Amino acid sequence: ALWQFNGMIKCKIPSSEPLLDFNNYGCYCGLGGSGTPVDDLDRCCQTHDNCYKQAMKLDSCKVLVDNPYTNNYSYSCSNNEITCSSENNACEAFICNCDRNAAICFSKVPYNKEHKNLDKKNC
């Protein structure tokens, strides 16, 4: 769920408020996404959106009322690394992996502030 993804990104980027910094960035970072990623961060968000789309196709996820934004799963941050828990059921474990991969991708690419609150004419 979104709260865990928030905690994951802070795990890798301790100076960020993820819901502020990485919301509404580029064509993909944020609810929705369309068109060509504007940079590498946006491309991280595109992969993550595609991972969420693949999760919602799985039979395990289809059974659950919860969607990837509200489906709580368990993970730990320890020494700035993320580990998804073996206690997670198949759906929540796939989502945890999506989010972990996105948090790592976020920490390894440039942040271009001029893509912040990008006017969606560009997408």
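One-based numbering along the sequence shown.
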- Identify the stretch, either 60 to 68 or 38 to 46, whose C-alpha atoms have the larger mean B-factor according to the entry. 60 to 68
- Would you mind comparing 85 to 93 and 50 to 58 for me and telling me which has the higher average C-alpha temperature factor in the entry? 50 to 58
- Among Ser107, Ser16, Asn101, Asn24, highest Cα B-factor in the entry goes to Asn24
- The third of the chain into which the C-alpha temperature factor of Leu118 falls is the highest
- Looking at the entry's B-factor column for C-alpha atoms only, identify whether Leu2 ranks in the lowest, middle or highest third of its chain. highest
